[PDB]
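Reading through the structure tokens given below for one structure.
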Amino acid sequence: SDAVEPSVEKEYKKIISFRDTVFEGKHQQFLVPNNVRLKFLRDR
Amino acid sequence: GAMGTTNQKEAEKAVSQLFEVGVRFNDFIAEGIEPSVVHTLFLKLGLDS
């Protein structure tokens with residue numbers, strides 16, 4: 001029943017900005033290589 | 001995206017991929033994100049500690 005909560009946009013803004021930085025791979029906490037790149041993009 | 005996956009779960013999977021690079025609540029906190037987000041989604045995604 002948690003298919004689309006109130007949480008969704010809130011989750012998206014925080015998650016999307018975090019993921020998008022990693023998508024550039026310049027994430028201060030996380031440097032991402034090849035396998036991680038494909039994992040992010042293919043799964044979501 | 002919205003190809004079979006619901007918006008909420010779509011947000012969750014993006015978190016799960018983040019989880020593979022090792023995102024913990026402290027990392028989310030470093031980005032201004034609440035620790036509760038890692039912990040709660042961690043439970044929902046059924047991720048092993």
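Following the order of the structure tokens, first chain is A, next is B, and so on, with residues numbered from 1 inside each chain and ligands from 1 in the order they appear.
Every residue of chain A that lies within 6 Å of chain B is listed here, counting only C-alpha atoms: residues 4, 8, 12, 40 and 44 of chain A.
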- Task: Grab the CA of residue 41 (chain A) to CA of residue 19 (chain A) distance for me, in Å with one decimal place.
- Result: 10.0 Å
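Going from CA of residue 24 (chain A) to CA of residue 38 (chain A) covers 12.6 Å.
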- What residues in chain B get the DSSP label helix (DSSP H, G or I)? Please answer as an MDAnalysis selection string. chainID B and resid 7:21 25:30 35:44
Export of the given selection (C-alpha atoms) as a compact mmCIF listing (two decimals), in the first residue's frame:
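File written: out02.txt
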# COMPACT_ATOMS: atom_id res chain seq x y z
CA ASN B 7 7.45 6.50 -7.96
CA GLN B 8 8.08 5.69 -4.28
CA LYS B 9 9.93 2.47 -5.14
CA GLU B 10 11.80 4.31 -7.89
CA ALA B 11 13.14 6.66 -5.24
CA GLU B 12 13.98 3.61 -3.12
CA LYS B 13 16.02 1.85 -5.85
CA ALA B 14 18.05 5.00 -6.45
CA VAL B 15 18.80 4.81 -2.73
CA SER B 16 19.72 1.14 -3.02
CA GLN B 17 22.27 1.89 -5.74
CA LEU B 18 23.63 4.59 -3.41
CA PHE B 19 23.74 1.93 -0.73
CA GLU B 20 26.12 -0.09 -2.94
CA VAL B 21 28.67 2.74 -2.92
CA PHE B 25 23.14 7.78 7.50
CA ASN B 26 26.25 9.83 8.33
CA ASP B 27 26.91 10.28 4.59
CA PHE B 28 23.37 11.47 4.01
CA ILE B 29 23.82 13.79 7.02
CA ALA B 30 26.96 15.19 5.37
CA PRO B 35 19.73 10.04 8.89
CA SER B 36 16.18 8.74 9.11
CA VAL B 37 16.08 8.56 5.31
CA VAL B 38 18.93 6.03 5.10
CA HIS B 39 17.61 4.04 8.06
CA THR B 40 13.95 3.90 7.04
CA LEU B 41 14.59 3.17 3.36
CA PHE B 42 17.21 0.63 4.49
CA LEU B 43 14.39 -1.20 6.28
CA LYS B 44 12.01 -0.93 3.32
- Rounded to one decimal place, report the CA of residue 24 (chain B)-CA of residue 49 (chain B) distance in Å. 9.9 Å
- Task: Name the residues in contact with residue 21 (chain A) at a cut-off of 12 Å, using only C-alpha atoms, excluding same-chain residues fewer than 6 positions from it; report them as a ChimeraX atom specification.
- Result: /A:14-15,27-32,37,40 /B:18,31
